[PDB]
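Observations on the model geometry
Residue strings, one per chain:
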Amino acid sequence: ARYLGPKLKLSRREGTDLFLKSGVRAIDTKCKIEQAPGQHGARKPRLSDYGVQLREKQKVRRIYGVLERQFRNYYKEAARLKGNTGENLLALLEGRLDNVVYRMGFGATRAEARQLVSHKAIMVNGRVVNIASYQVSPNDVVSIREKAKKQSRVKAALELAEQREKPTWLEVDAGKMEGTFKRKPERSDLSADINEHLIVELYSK
Amino acid sequence: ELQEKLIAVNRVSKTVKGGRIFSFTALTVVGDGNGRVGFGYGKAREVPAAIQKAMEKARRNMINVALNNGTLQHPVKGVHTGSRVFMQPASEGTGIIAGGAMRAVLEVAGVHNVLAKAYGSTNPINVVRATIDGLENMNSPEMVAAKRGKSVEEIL
Amino acid sequence: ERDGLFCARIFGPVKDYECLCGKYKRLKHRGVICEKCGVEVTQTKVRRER
Amino acid sequence: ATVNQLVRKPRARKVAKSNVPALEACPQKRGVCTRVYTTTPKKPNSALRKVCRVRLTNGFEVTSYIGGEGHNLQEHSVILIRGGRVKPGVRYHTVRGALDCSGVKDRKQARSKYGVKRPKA
Amino acid sequence: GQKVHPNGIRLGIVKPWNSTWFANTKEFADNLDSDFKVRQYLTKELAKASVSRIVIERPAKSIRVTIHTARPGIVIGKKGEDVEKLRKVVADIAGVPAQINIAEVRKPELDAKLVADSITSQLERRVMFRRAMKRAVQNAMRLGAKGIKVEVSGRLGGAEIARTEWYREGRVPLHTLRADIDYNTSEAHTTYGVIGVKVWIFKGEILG
RNA sequence: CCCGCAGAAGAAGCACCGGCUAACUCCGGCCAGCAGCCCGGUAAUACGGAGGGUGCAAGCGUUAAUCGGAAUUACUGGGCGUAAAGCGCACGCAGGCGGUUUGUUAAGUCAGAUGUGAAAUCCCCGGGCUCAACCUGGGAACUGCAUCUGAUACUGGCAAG
RNA sequence: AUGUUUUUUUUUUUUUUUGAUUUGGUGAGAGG
Ligand SMILES: [Zn+2]
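Criteria and cut-off values
- Residues numbered from 1 in each chain as written, not as in the entry; some residues may be left out.
- Chains lettered and ligands numbered in written order.
- Part of a larger assembly, values for the part shown.
- Heavy atoms only, no water.
- UniProt positions renumbered as here; feature names shortened; annotations may be inferred.
- Core = buried A, V, L, I, M, F, W, Y, C linked by side-chain atoms within 4.5 Å.
- Buried < 20%, exposed > 50% of the residue type's maximum accessible area, 1.4 Å probe, protein only.
- Helix = DSSP H or I, 4+ residues; strand = E, 2+ residues; numbered from the N terminus.
- Domains from an automatic or database assignment.
- Donors = N, O, S within 2.8 Å, 3.2 Å for Na, K, Ca; no water.
- Patch = residues over 30% accessible without salt bridge, like charges linked within 9 Å, V, L, I, M, F, W, Y side chains within 5 Å.
- Areas by Shrake-Rupley, 256 points an atom, 1.4 Å probe, with all protein chains shown as cover.
- Salt bridge = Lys/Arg side-chain N within 4 Å of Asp/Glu carboxyl O.
- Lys, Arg positive; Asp, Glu negative; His and termini not counted.
- Charge placed at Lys NZ, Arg CZ, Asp CG, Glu CD.
- Contact = heavy atoms within 4.5 Å.
- Buried area = accessible area lost by both parts, 1.4 Å probe.
- Pairing = 2+ DSSP bridges.
- Axes fitted to C-alpha atoms, helices over the stretch in contact; angles between N-to-C directions.
- Near = heavy atom within 4 Å.
- Polar contact = N/O pair within 3.5 Å; in protein donor to acceptor, adjacent residues only side chain to side chain.
- Nonpolar A, V, L, I, M, F, W, Y, C, P; charged D, E, K, R; others polar.

In the PDB header, cryo-EM is given as the technique by which the entry was determined, and 3.7 Å as its resolution.

Under the PDB entry, the name given to chain E is 30S ribosomal protein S3, and the organism recorded is Escherichia coli. For the record of chain E, the UniProt heading Function holds the text "Binds the lower part of the 30S subunit head. Binds mRNA in the 70S ribosome, positioning it for translation." The annotation that UniProt attaches to chain E under Sequence similarities is "Belongs to the universal ribosomal protein uS3 family."

Looking at the PDB entry, one finds chain C named DNA-directed RNA polymerase subunit beta', with Escherichia coli as its source organism.

If you want it as structure tokens, here you go:
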């Protein structure tokens, strides 16, 4: 139910930096980010039409840490919902509790955030929510509870975030350690490199 | 600015007194991400050369296509030889739902959102041609208005 | 330095049409600013006027 | 084709017969080996392919391929067949590692497909 | 084995000889042997130095070698240090007083042998043979060859079934005797086997 | 359901990597074996093992079965000179279709209403289980059938041309 | 007068264009 292996390998495979490590130390120093994993890394022949789409899908999934069935479900939901499908999917992905936490800066990585969520550190509207897939709504305040507020990791995460660009769709307080999910993010607010359309196509086989 | 996609490359033979002389055909298609599209079919003893030739061919004899935003203006059929093709305009987000050679042509053309089936033959060369034909024939609202002696609001 | 005298977000990217840190290495999306870079995306002489 | 014609006599659906009829819409069937033997395949191939004529539970007498390297089967050995045809007249495979048919010896990849338990170390 | 050797057919007319001496039936074989030896030695030594043509010329019980090379600097080394060294060994090989001259080869892309050698080297270091061939052809053309042909043969891309491929550009008349056709050959001793490289370079026609 | 305790602790496999099809190398002789369709005879990315990778993941493969792809029974939506496909040719009952004008009818057709079309299910907006599945409020839908009141271009009936 | 009379895999991927050859203050001395 989770990917427990090497994180940088995934990144290498993808091509890009997936942000699977905190960002204290640059990704180029930790691993050969350009070279693909395994014995046959240096060889890089152009991929197929299907293959590129698949890769794209993987990238997105990897980024958020969502396994396949769940991803499929999300896609379906997006399709069902009104408006642009890929965009909807992206929004849904964002909405995940762990992701939100990460954005806020209470977790160094998304993985860390997820862990925190699991371990009953986070509350959503003053009620302890344990599910990483929990879809956080507009105007839903989300905070660290008083037990987990003393942790050194949390402050480190916050610091890291502060170095990292702040998302417009949230509003977080470092002292209070509570952030308000103000609105579901627009496509423009998210990263431009993610070809959602490819993903959509893949499932529209 | 122009994007160019080699759809297919196929090895073709000519029998001679000695034996078989092999050659390569390259089917490419190029477009500017707007109305302009053009396919090219190049042939040579080696692949890369053939591809280059195809590209060259494509770059000349392009064709303009009226695009309402990211999609087509109305459902359009296009036929050529075996390959008969249907393509239907679709809502933003849906992506290019189309198969093979057909997809490639659409992508370069700068249609982002289509629902497109290739009936009949799916011989890449023919199907791309069919697609092109379909695109070409497809008229815009303004054009139709002009034709009919009316305003755009009269037609809706 | 991010964000010191010679910043990225306040002024512009050192390299032309490149996020100095890492995204956009072609000519398609000139302008996007990810959180990992806190960088604009324009010309090499854009910092001379800013 | 003509609508009237269609009305008169509608369109016949192509009834596709099953290529594994001795199963009778069962995922597997139990059978007893009437005889076990090797057979030579058709052109262009060359081998001694191990196969057993099986009398099934439901009454049919079929012939079932035996996959993997080596097998313990004899006459009067109770085996499970699964369907699948080897590319004359063999339309079924013995399930290795079910009933009397053993798993393949010394196999470490695709183990499931030959009944083999996970190697301990 | 269809074709006549392009150098060999033209030795009387447009091409000259490499070994250029007179000897009676007594000493001729010995001389030839000596030449073979010295040449062999030179090839062994000046492999890294791009060497095209060794011209031996022995008057009056003294051997005069003339090394045509693209880069004299690596053959000479420090001024009269490497050449001198070469000389004594040459002398030893011969059994007579030696004299080494070093001709500087202008335009090593137009010298056929050199090109062949380069191609062989490329093959050895695992490049795409075809790309190498193209480079060879193109470069020569750029330099002002009236034409060039190159041919490579056997175990191309380590393939089980051996074949030959060849690229021509411009005009390369072989039947025309008065054509200056610089022909030469080489052999790439790859992991899969030998790959023989031929190259013809047509400088132009001589009028006399 | 909540609180406390200890300590990374008790918790990852399955299939695949010739092309289709995401993933490649080395070591073991048309045998042993593989196979869904289209390898193996001594350098096998196709057999078996290894290392490396890819895809799924408390599941993963295989088999069986249904629809799909299959516009490959084509109502939507195919064809028949040569690819399968024009009766050897006619007459002709039933059947199908029917030039043009006016009038009338109102069967078909269309419009509106009424009754019904069980609940659940599906779909939309909500609510409740920490989320989800699940449960659940209200709607929409159930393409229909029947009846009543209109419309009369078209098709039909009847009457005259 | 006559030829389906010795078949076996002796196997299908390019270059691609898109961008340039890189040296700031201080002080001293000479020529006109
Ligand atoms: Zn960036």
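Residues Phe71, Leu97 and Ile122 of chain A are the most contacted members of the largest nonpolar core, which totals 44 residues. If you tally residues by element for this core, the top one is helix α6 (residues 97-104) of chain A, at 5 residues. When residues of this core are assigned to domains, at least three map to each of domain 1 (7-93 + 190-204) and domain 2 (94-180) of chain A. One finds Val37, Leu72, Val128 and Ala130 of chain B within the second-largest nonpolar core, a separate group that totals 28 residues.

Next up on the list: the coordination of the zinc ion. Coordination angles at a metal have ideal targets, namely 109.5 degrees for four tetrahedral donors and 90 or 180 degrees for six octahedral donors. Donor atoms from the polypeptide that bind the zinc ion are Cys19 of chain C (SG) and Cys34 of chain C (SG), placed at 2.7 to 2.8 Å. Comparing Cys19 of chain C with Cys34 of chain C, the two get one shared label, buried.

Side chains of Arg2, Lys7, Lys21, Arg25 and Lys30 of chain A sit close together on the surface and give a patch of like positive charge. With respect to the helices and strands, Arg25 of chain A occurs in the loop between α1 (7-14) and α2 (27-30).

Below, the discussion takes up the interface of chain C and chain A. Counting from both sides, the interface comprises 9 residues of chain C and, opposite them, 11 residues of chain A. When chain C packs against chain A, the two sides together hide about 920 Å² of surface, and 47% of this comes from carbon and sulfur. Its largest share of buried area at the contact with chain A, chain C owes to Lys23, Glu35 and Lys36 of chain C, together 61% of the area lost on that side. There are 2 salt bridges connecting chain C and chain A.

Here we come to the pairing of strand β6 (residues 179-189) of chain E. Residue and element names in this part refer to chain E. Note that β6 and strand β7 (residues 194-205) share 11 bridges and pair antiparallel. Counted as the bridge partner of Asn184 is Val199 from β7. Adjacent in sequence and paired antiparallel, β6 and β7 are bridged by 4 residues, among which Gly193 carries a positive phi angle near 150 degrees.

A few words on the environment of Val14 of chain E. The residue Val14 of chain E is located in the loop between α1 (6-9) and α2 (28-45) in this model. Each C-alpha atom, one on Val14 of chain E and one on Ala179 of chain E, is 7.5 Å from the other, the two residues being 165 residues apart in sequence.

The subject of this paragraph is the interface of chain B and chain A. Note: interface size is frequently given as the accessible area lost on complex formation between the parts. The interface is formed by 7 residues belonging to chain B together with 7 residues belonging to chain A. With both chains or domains summed, chain B and chain A bury close to 580 Å², and 45% of this area falls on carbon and sulfur atoms. Contact with chain A buries area across many residues of chain B, yet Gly93, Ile97 and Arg103 of chain B alone supply 62% of it, more than any other trio. Along the contact surface separating chain B from chain A lie 2 salt bridges.

Residues and elements named next belong to chain E. Pairing in this open sheet of 3 strands is mixed, and the strands run β1-β2-β3 from one edge to the other. What marks the edges here is a single partner per strand, and that holds for β1 (51-57) and β3 (98-104). With strand direction ignored, the average angle separating the axes of adjacent strands in the sheet is 20 degrees. Where β1 meets strand β2 (residues 63-69), 6 bridges bridge the pair, whose relative direction is antiparallel. From the neighbouring strand, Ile56 faces β2, where its bridge partner is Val65. Packed on one face of the sheet, α2 meets β1 and β2 and runs near 150 degrees to β1.

Below, the discussion takes up the protein's contact with RNA strand G. Residues in contact with RNA strand G, as listed here, are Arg11, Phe24, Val47, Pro48 and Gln52 of chain B, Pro44 of chain D together with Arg131, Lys134 and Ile161 of chain E. For RNA strand G, the fraction of atoms within 4 Å of the protein that belong to sugar or phosphate moieties is 83%. Between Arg11 of chain B and RNA strand G, the recorded distance is 3.4 Å, taken from a side-chain N or O atom to a phosphate oxygen. Interatomic distance of 3.2 Å between a side-chain N/O atom of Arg131 of chain E and a base oxygen of RNA strand G. Of all the secondary-structure elements, those providing two or more residues to the surface near RNA strand G are α1 (47-59) of chain B together with α6 (129-143) of chain E. Per element, the largest residue contribution to the surface near RNA strand G is 3 residues, and it comes from α1 of chain B. For the surface near RNA strand G, the class distribution of residues is 5 nonpolar, 1 polar and 3 charged.

Okay, the protein's contact with RNA strand F next. Neighbouring residues of RNA strand F: 76 residues in total, closest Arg13 of chain A together with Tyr65, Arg82, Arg107 and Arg111 of chain D. Near the protein, meaning within 4 Å, the atoms of RNA strand F are sugar or phosphate in a fraction of 73%, with bases accounting for the rest. Within the side chain of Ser18 of chain D, an N or O atom sits 2.7 Å from a phosphate oxygen of RNA strand F. Separating a phosphate oxygen of RNA strand F from a side-chain N or O atom of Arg111 of chain D is a distance of 2.5 Å. Secondary-structure elements contributing two or more residues to the surface near RNA strand F are α1, α3 (49-64) and α4 (68-80) of chain A, β7 (114-120) of chain B together with α1 (3-8) and β2 (49-56) of chain D. Among the elements that make up the surface near RNA strand F, the one with the highest residue count is α3 of chain A (8 residues).

Moving on, we get to the side chain of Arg96 of chain D. All names here are of chain D. You can see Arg96 is positioned in the segment after β4 (78-81). No salt bridge is formed by the buried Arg96, whose closest oppositely charged neighbour, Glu69, lies at an N-O distance of 9.6 Å. At 3.1 Å, the side chain of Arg96 forms a polar contact with the backbone oxygen of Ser102. With residues up to four places along the chain from it excluded, the contact list for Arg96 reads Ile66, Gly67, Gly68, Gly70, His71, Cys101, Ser102, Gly103, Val104, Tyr114 and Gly115.

What UniProt calls "domain: KH type-2" maps, in this numbering, to residues 38-106 of chain E. Here residues 38-106 of chain E runs as 38% helix and 30% strand, with 24 Å between its end C-alpha atoms.

With that settled, the discussion passes to the domain arrangement of chain E. All names here are of chain E. Here the domain parsing of chain E yields domain 1 (16-106) and domain 2 (107-206). Here domain 1 and domain 2 have C-alpha centroids that lie 26 Å from each other. With 6 residues of domain 1 in contact, the opposing surface of domain 2 contributes 6 residues. Buried area between domain 1 and domain 2, both sides added, is near 450 Å², and the carbon and sulfur share of it is 63%. Of all residues in domain 1, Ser52, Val105 and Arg106 give up the largest surface area on contact with domain 2, accounting jointly for 71% of the area buried on that side. Remark: the boundary between domain 1 and domain 2 carries 0 salt bridges.

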